[PDB]
Number of protein chains: 2
Amino acid sequence: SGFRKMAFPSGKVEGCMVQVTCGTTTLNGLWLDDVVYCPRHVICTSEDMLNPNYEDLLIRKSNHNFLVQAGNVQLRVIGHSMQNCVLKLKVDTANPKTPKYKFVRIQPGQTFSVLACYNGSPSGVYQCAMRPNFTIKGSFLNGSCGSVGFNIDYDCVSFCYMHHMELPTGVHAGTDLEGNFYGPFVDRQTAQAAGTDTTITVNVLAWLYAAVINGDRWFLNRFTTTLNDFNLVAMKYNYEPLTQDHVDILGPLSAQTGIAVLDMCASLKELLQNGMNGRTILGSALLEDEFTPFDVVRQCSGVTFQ
Amino acid sequence: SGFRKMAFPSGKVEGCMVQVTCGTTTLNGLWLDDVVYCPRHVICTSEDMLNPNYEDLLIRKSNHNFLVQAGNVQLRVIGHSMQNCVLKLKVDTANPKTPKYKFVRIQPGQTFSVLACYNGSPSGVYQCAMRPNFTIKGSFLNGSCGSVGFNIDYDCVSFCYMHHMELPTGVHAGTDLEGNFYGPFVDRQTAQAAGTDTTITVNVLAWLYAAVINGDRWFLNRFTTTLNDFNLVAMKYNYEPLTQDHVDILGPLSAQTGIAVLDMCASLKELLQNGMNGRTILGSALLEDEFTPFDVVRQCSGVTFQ
Ligand SMILES: *[C@@H](CC(=O)OC)C(=O)N(c1cncc(Cl)c1)c1cccc(-c2cccc(Cl)c2)c1
Ligand SMILES: *[C@@H](CC(=O)OC)C(=O)N(c1cncc(Cl)c1)c1cccc(-c2cccc(Cl)c2)c1
């Protein structure tokens, strides 16, 4: 038992991380087969990052302008191209540590692990959710650009996030690995800002089921509610609507605990209207929304990856 | 910016994890050079784990009674011995993935990363603190015995924990890698229980400094307090005493934020006596005590490992 914010084992991704330097800008790249992927703003200087024309900036570059270091070994760049907001650097060596992988784009509300990196060297691993407003609440300092987010399914790494920038509220924005930003953000320095977020209702319900599996039951009750009646309450507290698909997805957790989904909604309703009255759930005094139903099943059942 | 419960990158440990089977019991082992380390209760059956005589149980075993699998490759056991509560299985192959490592024993209040494993296959990574009562609040299911805890310093893995058992309150107990239990626990089935815990005061102060570094300041005030006066309050709220060494250790964080340590103690005093009045700190509505001053400096400054 127990319930932790648990990341995927990071080894398969550690073996892909490299350092990319262009001019005085150094950041991280992702080395898969004979290509290194990195944020295209590596080619920008201080004054460039104001209002850049990336096509113009890149035609002025040569292969030799990109220094790629994999550990203490230099990788010769033999080609380069832009794909949306990422650079693809062709190198003359295929990464022998390339895992089986996919490039997937995730949905707001889904979770992933982040391998934070500096100078091509991994620093730490943590779990993130993509917020409804397409930001992530990460932990990133200068030099972390190019760090990636991912999930692992058996032996295959599904890369879903490349870090690009920090927004003024201290949250983070980036792209999928095709270089397409998550949300209405751009790789230039503007006054862009996050804008309004909501709480991921299906995940809160998942986490309440995790709590019951782990012996926290004080918030349960005999009442039930209808889906429409619950969604009236969710709207009032800035929770996003619950759908019948969400109810279906919560089916297994409902069957394991014996608590009907709509019954757990009544409990969430009460928790929203009354607070927690000085008690905790799974060691938290807030309603936690960064665990998906899959995350709860994985952790409270125990799936591994090889 | 941002602040997350961040684990060390797990790759160096993933390459050491193996499956150890004796009879019908399967758990995890740690393969370093030509030795596999695992909990000695792998040699016990259901009825054995009641009141076992491990010396008696082990003399009845042969090398061939221990099946060790590293992935899909079987390791031939050529010797075996007991060391306190761990088994050391000599195998005929040195692990080519052995990192530089040390066996260290940590103090209550210190943190480490856990690589949870099942059947020798890594499942997830998370950060843990050793509680004052020598338990850890982990996330472990059946089959997780033998999973290890560790820290990484540059390139060297300091192993500090091997998982053995879950206590009745759902918290976890284990040994250092010399096989000596943390706390007053034994590898037999008794009515043993955790017993009383306290909150790690120096870590809460560290985390308040992390909050200030990250822009949360609402809990600051103009008041100060003396060390003795603060410690009177800490005792009342089940916090452990703060020492002058703790104050010294908080020196760098104090100098970076410009907030005297004793001033932050006054803030903690107010937070204990008034609660948080519906506000949060670093996304928590509770005072967090599982970040050390080192953890805060590492994350809010950005040290990597290679
Ligand atoms: C990358 C900066 C770089 O290329 O060299 C250090 C970087 O990690 N940046 C960052 C990311 N996350 C958090 C923090 Cl505090 C910094 C970063 C630094 C400076 C500018 C930018 C940036 C600005 C506008 C648009 C974009 Cl896409 C990036 C990012
Ligand atoms: C290990 C059990 C094993 O050898 O085969 C599965 C195991 O991981 N156990 C465990 C650990 N953490 C959480 C949970 Cl829910 C289970 C475990 C299972 C059964 C018994 C014991 C045990 C009992 C008394 C003493 C000791 Cl040292 C271990 C652990």
Side-chain angles (χ1 to χ4, degrees), chain A residues 1-2 19-29 38-46 48-52 54 85-86 116-119 136 138-147 162-168 170-175 181 185-192 214 300 302, chain B residues 1-2 19-29 38-46 48-52 54 85-86 116-119 136 138-147 162-168 170-175 181 185-192 214 300 302:
Chain A
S1 81
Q19 192 171 27
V20 179
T21 298
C22 176
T24 65
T25 294
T26 289
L27 43 66
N28 305 283
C38 74
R40 72 178 175 169
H41 71 250
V42 72
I43 71 194
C44 297
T45 48
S46 294
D48 276 344
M49 267 325 276
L50 290 172
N51 206 345
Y54 282 98
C85 294
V86 298
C117 292
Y118 302 88
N119 304 294
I136 72 164
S139 170
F140 287 121
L141 307 164
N142 294 313
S144 60
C145 304
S147 306
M162 187 169 264
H163 187 53
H164 283 63
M165 36 177 257
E166 168 164 314
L167 292 167
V171 302
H172 301 105
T175 67
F181 260 96
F185 309 109
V186 293
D187 52 353
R188 29 200 182 90
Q189 196 311 137
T190 77
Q192 39 197 338
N214 281 286
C300 304
Chain B
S1 81
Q19 192 171 27
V20 179
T21 298
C22 176
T24 65
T25 294
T26 289
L27 43 66
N28 305 283
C38 74
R40 72 178 175 169
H41 71 250
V42 72
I43 71 194
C44 297
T45 48
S46 294
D48 276 344
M49 267 325 276
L50 290 172
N51 206 345
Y54 282 98
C85 294
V86 298
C117 292
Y118 302 88
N119 304 294
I136 72 164
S139 170
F140 287 121
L141 307 164
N142 294 313
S144 60
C145 304
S147 306
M162 187 169 264
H163 187 53
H164 283 63
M165 36 177 257
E166 168 164 314
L167 292 167
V171 302
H172 301 105
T175 67
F181 260 96
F185 309 109
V186 293
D187 52 353
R188 29 200 182 90
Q189 196 311 137
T190 77
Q192 39 197 338
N214 281 286
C300 304

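So you know, we letter chains A, B, ... as the sequences are listed, proteins then strands, and number each from 1. Atom set for the values below is all heavy atoms of this structure, side chains included, hydrogens, waters and symmetry mates excluded. Counting starts at 1 for both ligands and their atoms, following the listed order.
- For the side-chain hydrogen bond (donor to acceptor under 3.5 Å, both in side chains) test, no residue two or more places apart in sequence or in another chain qualifies with B:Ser147.
- Within the 4.5 Å cutoff, side-chain heavy atoms of B:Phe181 are placed close to those of B:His164.
- A:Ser1 and B:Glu166 form a side-chain donor-acceptor contact under 3.5 Å, judged by distance and modelled atom types alone.
- For ligand 1, residues of the protein lying within 4.0 angstrom by heavy-atom distance are A:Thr25, A:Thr26, A:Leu27, A:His41, A:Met49, A:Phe140, A:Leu141, A:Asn142, A:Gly143, A:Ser144, A:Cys145, A:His163, A:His164, A:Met165, A:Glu166, A:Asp187, A:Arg188.
- Among all heavy-atom pairs drawn from B:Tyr54 and B:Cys44, the shortest one is CE2-SG, 3.4 Å.
- A 4.5 Å side-chain heavy-atom check between B:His41 and B:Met165 finds every atom pair outside the cut-off.
- The minimum heavy-atom distance between B:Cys85 and B:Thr175, with the atom names listed, is CB-CG2, 4.1 Å.
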